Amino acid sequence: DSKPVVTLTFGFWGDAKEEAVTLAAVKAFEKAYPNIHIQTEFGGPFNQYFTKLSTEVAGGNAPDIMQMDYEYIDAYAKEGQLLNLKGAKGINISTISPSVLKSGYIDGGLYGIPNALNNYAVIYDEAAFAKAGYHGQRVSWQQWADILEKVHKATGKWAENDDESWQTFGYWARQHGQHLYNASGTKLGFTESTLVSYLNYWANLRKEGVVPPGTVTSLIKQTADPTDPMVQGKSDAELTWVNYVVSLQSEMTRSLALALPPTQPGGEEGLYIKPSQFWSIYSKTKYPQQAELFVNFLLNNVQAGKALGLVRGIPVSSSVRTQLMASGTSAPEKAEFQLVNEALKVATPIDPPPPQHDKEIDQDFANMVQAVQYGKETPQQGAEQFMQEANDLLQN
């Protein structure tokens, strides 16, 4: 490009590692496009960044490019602070899945482009599952339960963790044409029946000894922690975020593989791609063409991709993934990229952002799940109790 020199300001949040890789990407950009200066406005961690950004934007001091979060994009977009990127001449969105792009839409306009991705996967011990003749194909929940039973029979170990959580329930609910919340977040978006069928599915696996008992599950601090039975070699699979494969694989010599999570016959597609964050442009930027060129560079340029790495998640661009698969990724990273490519074929858009009480409700769900796993209450009792509690909280 040969236009007069301009400067773009670029606001973003992160920890120290995120700051470093972002500055490295900016370095690469400034070399590639020497008639565009980037003035970074690193805002510190998430909350600090958004607290300051709100006051700066309201006062006319918005940066030209803004890292944006799913929680806040509606507010910024509706106020008119974000440039509509739909059909932007300078941004190549042919490398991004439509379902993923939908997450940046507000009332027909595109106000942010996801910059990195995550999604659910089954992470499994290849050699263990080969004993049941399972080699990673996508299966139904009932087919999966049969496979787990066969693996357990062959190994005497747990075939999978008891992977009950609010967000894996979200996946199940979506398969049943429902959602954790209704669109406005004023009530739960699923029925008791849907939750009880989920709880019963896992309860049956516990009964058969195929997933760990509640007393074992209760010790797990986080996926890939030393308290995770997969890390201990006591379980042979886990349904979790695909990003965990790098951490998990680093903790054990047994080869791990990835499958898409199980399906519900007669159901809808549960899988979605979670956008880690978004790139957005100020609606009133003086330099929209250069801003688009910068965002496009971050999304699609391989030098940017190498600089940014996997810090925020899996690269959003198919071209960047292809080029990083060829060179610049470890074996587990390559596996992640391949899984995400399969996920993108099936995934539907993520649900709208949750209501303010989500963190508490998530914790209440986990506590109910734990009570059910311990045998302190029945699935139906736990479902009823949890739902009444959550709906009361959402209504207040």
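The first residue of the sequence shown is number 1, and the count goes up from there.
Stretches compared: 100 to 108, 260 to 268. Higher mean C-alpha B-factor in the entry: 100 to 108. Of the two segments examined, 12 to 20 and 382 to 390, it is 382 to 390 that shows the higher average Cα temperature factor in the deposited entry. When the C-alpha B-factors of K52, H37, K345, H357 are read from the PDB record, the largest value belongs to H357.
As recorded in the entry, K89 carries the highest CA temperature factor of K234, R254, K284, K89. Among the modelled residues of its chain, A62 has a C-alpha B-factor that falls in the middle third, as given in the PDB entry. Among all modelled residues in its chain, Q222 ranks in the highest third by Cα B-factor. Per-chain ranking of the deposited C-alpha B factor places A371 in the highest third. When the modelled residues of the chain are ordered by their C-alpha B factor, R138 lands in the lowest third.
In the PDB entry, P212 places in the lowest third of its chain by CA B-factor.
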